[PDB]
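Just one chain follows, in the form deposited without this ligand, and it is written as structure tokens.
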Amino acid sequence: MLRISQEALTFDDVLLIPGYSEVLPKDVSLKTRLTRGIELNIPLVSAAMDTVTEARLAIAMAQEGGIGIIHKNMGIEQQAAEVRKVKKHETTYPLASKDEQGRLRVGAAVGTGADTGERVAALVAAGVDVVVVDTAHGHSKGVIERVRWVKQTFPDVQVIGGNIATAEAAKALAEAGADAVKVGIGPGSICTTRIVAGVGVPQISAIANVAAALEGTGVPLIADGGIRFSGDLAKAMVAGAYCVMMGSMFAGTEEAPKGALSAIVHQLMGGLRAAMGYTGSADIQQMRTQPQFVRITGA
């Protein structure tokens, strides 16, 4: 009698099935798309969290082949200054994420507040590569219509909308002109969205439903939340993510506002390379479309 749409799976419900392989971890390609217009050399994004991404950590992420999204828990002028610091950082890093001018890539988050138009303007004038319209509920008037507005007003900036967890949301963001979507609503066990609101979609099913909805559109999806180990990251990719956002795991690093960020990155990319080796996936498109899961009981 309950209105149950499906059974939904998280990282711990599934394992990657090994497949034939002739490719070594060190030899696979980790190149992917952050957005329609933006490629990354590794599928790794740092979160728009005030304990995680400002200019220093965003610089390190771009140098590694990923990208940082500058958080929006600060003033407009501070946020544009963080963006400028990244875009002016003078560049040893053959993998760096860079724009057509050879400047490091950066993103910046915006919300739905009264200040959003002015914020987007200052960030775009500062040379931002991507504006991330980023709330706890991306399938909402505030997010979608803001994504529509950025796309129509600043047509040479990339726009990401999130956070979403359903096929329907992905399409509503695609129709608004989103160049990528970010996936993750209540993705961890015992996070405050589940406890407080009773709301959430287990992340492996969320990513897969959104990947299926977006197939053939050219719109990438970013998996944000619920990743604890590098094996989770591999699972997110096989479920259809184009890259993965990490937040609190980077929060203790030198670069954040325990050690170098580099170590953490290399360990995360190490496990992913291992998982590509096990599944026989030579590049990210193979990893996203070919390996299969087994479902497990957790016994």
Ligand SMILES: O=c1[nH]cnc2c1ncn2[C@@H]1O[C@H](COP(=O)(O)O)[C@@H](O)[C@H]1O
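Here the rigid core means the biggest group of C-alpha atoms that line up within 1.5 Å when the two forms are laid on top of each other. Only residues modelled in both forms are compared. Residue indices: 1-based, along the sequence shown.
There is another form of the same protein, the form solved in complex with this ligand; it is not shown, and what comes next is about it.
Q: Using the spot this ligand takes in the entry with it bound, and overlaying the site C-alphas onto this chain, is the pocket open or blocked (blocked: 3 or more ligand atoms within 2.4 Å of backbone or C-beta atoms)?
A: After C-alpha superposition the pocket is open.
Q: Of the options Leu261, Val28, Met49, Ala55, which one has a non-hydrogen atom that comes within 4.5 Å of this ligand in the entry with it bound?
A: It is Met49 that has a heavy atom within 4.5 Å of the partner.
Q: Only one of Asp179, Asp129, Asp224, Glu82 has a non-hydrogen atom within 4.5 angstroms of this ligand in the entry with it bound; which is it?
A: Selected option: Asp224.
Q: Going by a heavy atom distance of 4.5 Å, is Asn163 a contact of this ligand in the entry with it bound?
A: The answer is yes: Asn163 has a heavy atom within 4.5 Å of this ligand.
Q: Is there a heavy atom of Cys243 lying 4.5 Å or less from a heavy atom of this ligand in the entry with it bound?
A: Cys243: no, not in contact with this ligand in the entry with it bound.
Q: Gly65 near this ligand in the entry with it bound, any heavy atom under 4.5 Å?
A: The answer is no: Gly65 has no heavy atom within 4.5 Å of this ligand.
Q: Spell out, yes or no, whether the shortest heavy atom distance between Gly200 and this ligand in the entry with it bound is within 4.5 Å.
A: Taking the distances in the entry with it bound, the answer for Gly200 is no, it never comes within 4.5 Å of this ligand.
Q: Within 4.5 Å, heavy atoms only, one stretch in 266-274, 230-238, 41-49, 57-65 touches this ligand in the entry with it bound. Which?
A: Going through the listed ranges, the match is 41-49.
Q: Considering only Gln101, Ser189, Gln152, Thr192, single out the residue whose C-alpha is displaced by at least 2 Å between the shown form and the other one after superposing the rigid core.
A: Single residue meeting the criterion: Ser189.
Q: Between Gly188 and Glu7, do the C-alpha atoms lie closer or farther in the entry with it bound than in the shown form, with a difference of 3 angstroms or more?
A: Relative to this form, farther apart in the entry with it bound.
Q: Since the CA distance of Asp224 and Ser189 differs by 3 Å or more in the entry with it bound, is it closer or farther than in the form displayed?
A: Between the C-alphas of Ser189 and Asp224, the gap narrows in the entry with it bound (3 Å or more compared with this form).
Q: With the rigid core superposed, where do three or more consecutive residues all shift their C-alphas by 2 angstroms or more between the shown form and the other one?
A: Only one moving run appears between the shown form and the other one, namely 188-191.
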